[PDB]
């Protein structure tokens, strides 16, 4: 064939830290469908937002919003435990159906997005150009959010390890962990990946007794 219908830009959802996670890649022939499992960002999270985006940028905010919906009634559980299946299905007429279903509760929500939605030919071309021109910057942003989430994972696992130990962890150790946790908290608000990792390192260097418990 010399011609066919494609979806012209990547389609995905916003994930923790403001990154766009792609479900359908740009130039995929239509009709198409793809599903991926997602989980919750925080402990005890009973609801998630499914924000549908079109574009090639790593920052969710730089892509075109197509719509959004909430999925509630998730049983409060530790982060990463819920299994939320997100499905993108584009029919032959370019109509996009997005659904999210929580495996444990069976709760499901969906949205229909018209074929005329999103970016026009000129905006599609500008999207592709802007993504290529910002390839390195977008990669650095993705690496920063990965470290910010990891830094928050180290902050989460440390604080949980402190509470379980309680009286067992010495004073000199606990107070120095607390000060290293705040230095990590402050660096996480910044955009310097190495600064965050150095604060994580400084935390680990004062958590030696905490790890043994």
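The term rigid core refers to the most C-alpha atoms you can superpose between the two forms while keeping them within 1.5 Å. Residue numbers count along the first chain shown, from 1.
- Core superposition of the other structures onto this form places the C-alphas of 163 to 171 farther off in 9 other deposited structures of this protein than those of the other stretch among 163 to 171 and 26 to 34.
- Where the structures in 9 other deposited structures of this protein are fitted on the rigid core, 199 to 207 is the one of 199 to 207 and 5 to 13 whose C-alphas sit farther from the shown form on average.
- The mean Cα B-factor in the deposited entry runs higher for 173 to 181 than for the other of 25 to 33 and 173 to 181.
- When the C-alpha B-factors of 128 to 136 and 115 to 123 are averaged, 128 to 136 comes out higher.
- Taking the deposited Cα B-factors for 53, 50, 154, 47, the highest one is held by 154.
- Set against one another, the Cα B-factors of 146, 39, 65, 70 in the record reach their highest point at 146.
- Residue-level temperature factors show residue 61 in the middle third of its chain, judged at the C-alpha atom.
- Ranked by Cα temperature factor within the chain, residue 202 sits in the highest third according to the deposited record.
- Residue 6: CA B factor lies in the lowest third for its chain, per the PDB record.
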